[PDB]
Amino acid sequence: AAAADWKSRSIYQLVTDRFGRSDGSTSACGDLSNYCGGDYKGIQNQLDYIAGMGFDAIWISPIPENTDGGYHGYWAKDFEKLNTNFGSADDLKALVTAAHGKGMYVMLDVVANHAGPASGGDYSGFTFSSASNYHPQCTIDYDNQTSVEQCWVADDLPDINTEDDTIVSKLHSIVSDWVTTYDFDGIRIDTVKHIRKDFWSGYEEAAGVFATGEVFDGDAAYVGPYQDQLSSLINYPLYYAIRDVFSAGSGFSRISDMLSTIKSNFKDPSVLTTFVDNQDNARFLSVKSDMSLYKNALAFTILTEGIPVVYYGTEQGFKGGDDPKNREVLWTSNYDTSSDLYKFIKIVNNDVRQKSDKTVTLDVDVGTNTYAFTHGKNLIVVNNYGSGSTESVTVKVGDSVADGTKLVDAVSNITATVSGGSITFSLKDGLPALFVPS
Ligand SMILES: C[C@H]1O[C@H](O[C@H]2[C@H](O)[C@@H](O)[C@@H](O[C@H]3[C@H](O)[C@@H](O)[C@H](O)O[C@@H]3CO)O[C@@H]2CO)[C@H](O)[C@@H](O)[C@@H]1N[C@H]1C=C(CO)[C@@H](O[C@H]2O[C@H](CO)[C@@H](O[C@H]3O[C@H](C)[C@@H](N[C@H]4C=C(CO)[C@@H](O)[C@H](O)[C@H]4O)[C@H](O)[C@H]3O)[C@H](O)[C@H]2O)[C@H](O)[C@H]1O
Ligand SMILES: *[C@@H]1O[C@H](CO)[C@@H](O)[C@H](O)[C@H]1NC(C)=O
Ligand SMILES: [Ca+2]
């Protein structure tokens, strides 16, 4: 599918080894650094659980055969073989077919930059099977962009020689063939900053579907130019603003300034992927154990401009810290649809979220501790006061809500009516307020 077809989607990001088991065990995994046993049928069995929160797309782990310990998929060995830990080729096709039958997209995570670690330089059984196929090993100096591109991620992931045309062609065929064989609707591209930027347009063209690229960097002037090559980027610049406001009490000018910086630096903010958690960052609740602040952050993330991503296990209140502690197994939760955050995410992401022709007006009211924006016909009011807050809030409603319009908040059923271009209401437990016109 193309960018236009992704604009109104909402993505559930899962780690395949950690989402679901086909044997229905709920038992804990004793080593989060090695395979825990998740598989495709384990995902397929829970598509109703995912869709019930309003998600209409899933992002899955990379699929190829990995080196030892590559439970996350990012350590490819032979790119053209499947990771047998996750299940059969028929199980992957069946998951995609089942998702499509529910109107859902499947986004494949892809790596072009590197292979997994090779024991003593033995590239036996690797797609790129001779040391000459990789750049010489060196440690990245992240202040030297050519180093970022030529040296080895984590100083041990063999860095594929992306300046050799035969290798470039191979990488193109790898991604094209994954997409066409399994009928993926989009890709999430790993390690984008680690290959020369001009490689990426040819790679997305080979894939033939919408791509969102991972440029792990908070500087929009560094990330933004990559959208000349790729349809979308992972919104790392906004991520830091969201965390600063909701987990560290920054004023909302941090978010309004960052939204301006994104508009200045990205040709199309509307397709950037918005997130507040992922597999490379400690989960929000490990940083700030305040459910009201997290709910505000999630309401903002899901409904602001862009294409939202929610990291699996958010909806069960998962709270693990740094990798691997943020790759908890989900099956211990038994997929509880009565969990606090499941019900909350369903309101935001199923009930309020616009699923076609998404429109957002940012910066309807920028306060110090409050922020209002419109999403569709709804007025979204977020805050960073904290749990327990019952502060009176007054916000402007913007140009499309008439005086005398009755608004009802979908989260806490607060009622407020527009008077003189504003609403005033009292917070409930510091919660975000998602005002729907009567
Ligand atoms: C993970 C991430 O790394 C890189 O991101 C950099 C970023 O480029 C830097 O700029 C900076 O970011 C700044 C940012 O720019 C600022 O604006 C902001 O203010 O601050 C941040 C933070 O300083 O740092 C980050 C993080 O270092 C890449 O650019 C990015 O693409 C990466 N994300 C991708 C990539 C991979 C690789 O395919 C995925 O990770 C997978 O692989 C890793 C590595 O194997 C694995 O890591 C776990 O397991 C390892 C065995 C363990 N030890 C290894 C790491 C070493 C040093 O890094 C060695 O010392 C050691 O010998 C190695 O064995 C790791 O510690 C452990 O975390 C992941 O589990 C696996 O998932 C990412 O998931 C993917 O999204
Ligand atoms: C920048 O990185 C490249 C690639 O590793 C390296 O060859 C070059 O010497 C670096 N520049 C400096 C000044 O160190
Ligand atoms: Ca590279």
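Throughout, numbering of the chain's residues begins at 1 and tracks the sequence. FYI, side chains are in, hydrogens and waters are out, and symmetry mates aren't considered; it's all heavy atoms of this structure.
A salt bridge links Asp340 and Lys295; the closest N-O separation between the charged side-chain nitrogens and carboxylate oxygens is under 4.0 Å. Look at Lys197 and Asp228 and you find no salt bridge, because none of the NZ, NE, NH1 or NH2 atoms lies under 4.0 Å from a carboxylate O. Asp39 has no carboxylate O lying under 4.0 Å from a charged side-chain N of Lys41, or vice versa, which leaves the two without a salt bridge. Look at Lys77 and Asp68 and you find no salt bridge, because none of the NZ, NE, NH1 or NH2 atoms lies under 4.0 Å from a carboxylate O. With salt bridges taken as basic N to acidic carboxylate O contacts below 4.0 Å, one links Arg188 and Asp190. The residues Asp280 and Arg327 are annotated as salt-bridged, a charged nitrogen and a carboxylate oxygen being separated by less than 4.0 angstrom.
Heavy atoms of other residues, nucleotides or ligands lying less than 6.0 angstrom from NZ of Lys263 number 12 at most. No more than 12 heavy atoms of other residues, nucleotides or ligands lie within 6.0 Å of NZ in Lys325, so this atom counts as exposed by the packing criterion.
Annotation: side chain to side chain contact (heavy atoms under 4.5 Å, CB included) contacts of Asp122 (sequence neighbours excluded): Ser124. In this structure, the ring-ring contact (aromatic ring centres under 6.0 Å, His included) partners of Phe373, at least two apart in sequence or on a different chain, are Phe300, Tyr371. Checked against side-chain hydrogen bond (donor to acceptor under 3.5 Å, both in side chains), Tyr49 has the following partners two or more places apart in sequence or in another chain: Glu315, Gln316. Scanning for ring-ring contact (aromatic ring centres under 6.0 Å, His included) contacts around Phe79 gives an empty result, with sequence neighbours left out. In this structure, the side-chain hydrogen bond (donor to acceptor under 3.5 Å, both in side chains) partners of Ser232, at least two apart in sequence or on a different chain, are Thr212. Remark: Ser247 pairs with no residue by the side-chain hydrogen bond (donor to acceptor under 3.5 Å, both in side chains) rule, at least two apart or across chains. In terms of the salt bridge (charged side-chain N to carboxylate O under 4.0 Å, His left out) criterion, residue partners of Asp23 (sequence neighbours excluded) are, by chain and number, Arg21. For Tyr35, there are no ring-ring contact (aromatic ring centres under 6.0 Å, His included) partners at least two apart in sequence or on another chain. In this structure, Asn413 has no side-chain hydrogen bond (donor to acceptor under 3.5 Å, both in side chains) partners at least two apart in sequence or on a different chain. Not counting sequence neighbours, the partners of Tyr74 by the ring-ring contact (aromatic ring centres under 6.0 Å, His included) test are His72.
Relative to the ring axis of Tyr312, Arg283 places its NZ or CZ within 45° and under 6.0 Å from the centre. Figure legend: cation-pi geometry between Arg18 and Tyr71, with NZ or CZ positioned under 6.0 Å from the six-membered ring centre and within 45° of its axis.
The closest side-chain heavy-atom distance from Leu92 to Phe86 is not below 4.5 Å. Proximity of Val215 to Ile234: side-chain heavy atoms (C-beta onward) are nowhere separated by under 4.5 Å. Counting heavy atoms from C-beta outward, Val110 and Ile174 have side chains that stay 4.5 Å or more apart. Looking at heavy atoms from C-beta onward, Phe275 lies out of side-chain contact with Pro308 at the 4.5 angstrom threshold. Taking the side chain as every heavy atom from C-beta outward, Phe199 and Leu171 approach each other to under 4.5 Å.
The ring pair (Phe, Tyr, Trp, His ring centres under 6.0 Å) test with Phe284 singles out one residue from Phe318, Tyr294, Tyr311, and that residue is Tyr294.
The closest donor-acceptor contact from the side chain of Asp78 to the backbone of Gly125 lies at 3.5 Å or more, if one exists at all. Side chain of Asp156 to main chain of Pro117: no donor-acceptor pair is present (N/O by atom type, distance under 3.5 Å, no hydrogens or angles). The closest donor-acceptor contact from the side chain of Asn369 to the backbone of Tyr385 lies at 3.5 Å or more, if one exists at all.
How far CG of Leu14 is from CG of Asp109: 10.5 Å, rounded to the nearest 0.5 Å.
Sorted pairs that involve residues 314-364 and meet disulfide bond (SG atoms under 2.5 Å apart), not counting sequence neighbours, are lacking altogether.
Within the 6.0 Å centre-distance limit, the rings of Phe216 and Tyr236 are counted as a close aromatic pair.
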Show me the donor-acceptor pairs, under 3.5 Å and distance only, between side chains in residues 251-258 and residues at least two apart or in other chains.
from   : atom 1 : to     : atom 2 : distance (Å)
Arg254 : NE     : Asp244 : OD2    : 2.7
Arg254 : NH2    : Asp244 : OD2    : 2.8
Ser256 : OG     : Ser253 : O      : 3.4

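Taking the six-membered ring where the residue is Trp, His100 and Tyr105 present perpendicular rings, their angle passing 60° and hence far from 30°.
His114 and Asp159 share no donor-acceptor pair across their side chains, judged by distance under 3.5 Å alone.
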